[PDB]
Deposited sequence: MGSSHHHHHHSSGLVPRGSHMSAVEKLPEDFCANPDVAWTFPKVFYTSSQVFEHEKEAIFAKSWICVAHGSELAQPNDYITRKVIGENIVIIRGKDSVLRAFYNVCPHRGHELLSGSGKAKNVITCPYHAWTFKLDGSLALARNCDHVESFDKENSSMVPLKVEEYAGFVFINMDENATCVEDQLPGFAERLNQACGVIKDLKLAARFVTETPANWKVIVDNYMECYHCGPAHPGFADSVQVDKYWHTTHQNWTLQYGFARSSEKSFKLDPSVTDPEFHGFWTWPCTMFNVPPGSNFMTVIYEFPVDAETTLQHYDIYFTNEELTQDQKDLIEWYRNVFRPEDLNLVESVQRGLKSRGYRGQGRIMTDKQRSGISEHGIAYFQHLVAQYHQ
């Protein structure tokens, strides 16, 4: 039996509850979200700086797919499943500059940076060798809002159709997105469903108790969480200890988050690549405009690494454990207040209302 949700699930944030627990734990729900959501949506994978020059490539894994994204010699950005068409060896590893051809490690077939088979060894002596159908298998990729998105659906349109208006507002909050460079990346296999991790991001109800260092840097009467078109913006004014330093927190469907902290001069990005119902690989990327980091930046990197990020990781991990309990009645009340203050949870209701549309 398949679990289904109503169309109006969390349609009313003022009186709303989180998903029945099975949606956070069921492997069958995950397998449905994997193909209905993560194989048919634009999945953000990197900032443009990782792929800015010809021959630049990166590799990612999401929902079990090892994918390579590569800027071809023609400067055309492409993405491919990272698997040789001869006998399935992976083609590239890590990140870097590709040679002028991709040489598979197992039998040294070569491919052009557009996936075309360049040379199959001993090809000429193999009967009825299919040169056309021995090329790398592509998927869609789009450079959007200064970042890179992939899509496994061959019939997808463009990122703007998925996140209407998002590219312009993000560039409004940070005017140096195009000069950012990856300063630090935190990689964690998190034992929480991807939806639990989004829930946590979508509210600051927990900042008082769970985030001491991120609690004075934020005004509760000067904090607004507005929903948009498959994304939301959490905006507020800071004063930890520019007559009004602002901060931005974007959530975009399905689960990528873009943060522009006070100053608007750098970004952190949360990438969620789901693994299974109770596992989500996370990239926590910190981006600065300078390549050689000052020590105030290196300290900031370690503060997120060792103090700030561990707090949210424990939260989502404990929640994943708790909601399997028979002592958890099943659903959790979303603490929306009618003024949408800085500790209102209504943003969770907006996210989950979108998720619910995939469970009819």
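Provide the list of deposited-sequence positions lacking C-alpha coordinates, grouped into contiguous ranges.
Coordinates drop out over 1-22, 264-272.
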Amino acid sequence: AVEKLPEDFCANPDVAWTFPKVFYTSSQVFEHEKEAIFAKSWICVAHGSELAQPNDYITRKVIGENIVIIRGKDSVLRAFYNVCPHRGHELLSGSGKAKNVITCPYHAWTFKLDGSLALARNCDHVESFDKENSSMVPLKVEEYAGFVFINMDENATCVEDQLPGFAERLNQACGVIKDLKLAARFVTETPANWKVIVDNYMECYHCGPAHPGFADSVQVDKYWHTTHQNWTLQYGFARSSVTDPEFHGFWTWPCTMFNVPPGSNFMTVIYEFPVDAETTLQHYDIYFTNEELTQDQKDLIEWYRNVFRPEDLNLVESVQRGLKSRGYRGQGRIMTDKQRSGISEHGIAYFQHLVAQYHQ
From here on, numbers count along this sequence of modelled residues.
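Quick one: across the other PDB entries of this protein we compared, is residue 127 left without coordinates in at least a third of them?
In all of the other entries, residue 127 has coordinates.
Quick one: across the other PDB entries of this protein we compared, is residue 239 left without coordinates in at least a third of them?
Yes, residue 239 lacks coordinates in at least a third of the other entries compared.
Comparing 142-150 with 284-292, which has the greater mean CA B-factor as deposited?
Comparing averages over the C-alpha atoms only gives 284-292.
Would you tell me which stretch averages the higher CA B-factor in the PDB entry, 338-346 or 18-26?
338-346 has the higher mean C-alpha B-factor.
Among 72, 105, 85, 263, where is the Cα temperature factor highest, going by the PDB entry?
263 has the highest C-alpha B-factor of those listed.
Sort 191, 274, 115, 208 by C-alpha B-factor from the entry and give me just the highest.
Top of the list by C-alpha B-factor: 208.
Consider only the C-alpha atoms of the modelled residues in this chain, order them by B-factor as the entry records it, and name the third containing residue 254: lowest, middle or highest.
According to the entry, residue 254 has a C-alpha B-factor in the chain's lowest third.
What third of the chain, by the recorded C-alpha B-factor, contains residue 37?
According to the entry, residue 37 has a C-alpha B-factor in the chain's middle third.
How does residue 187 rank on Cα B-factor within its chain, lowest, middle or highest third?
Lowest third - that is where residue 187 ends up once the chain's C-alpha B-factors are sorted.
Using the temperature factors of the C-alpha atoms in this entry, rank residue 238 within its chain: lowest, middle or highest third.
Its C-alpha B-factor, which the entry lists for residue 238, ranks in the highest third among residues of this chain.
Among the modelled residues of its chain, does the C-alpha B-factor of residue 195 lie in the lowest, middle or highest third?
Tercile = lowest for this residue's CA B-factor.
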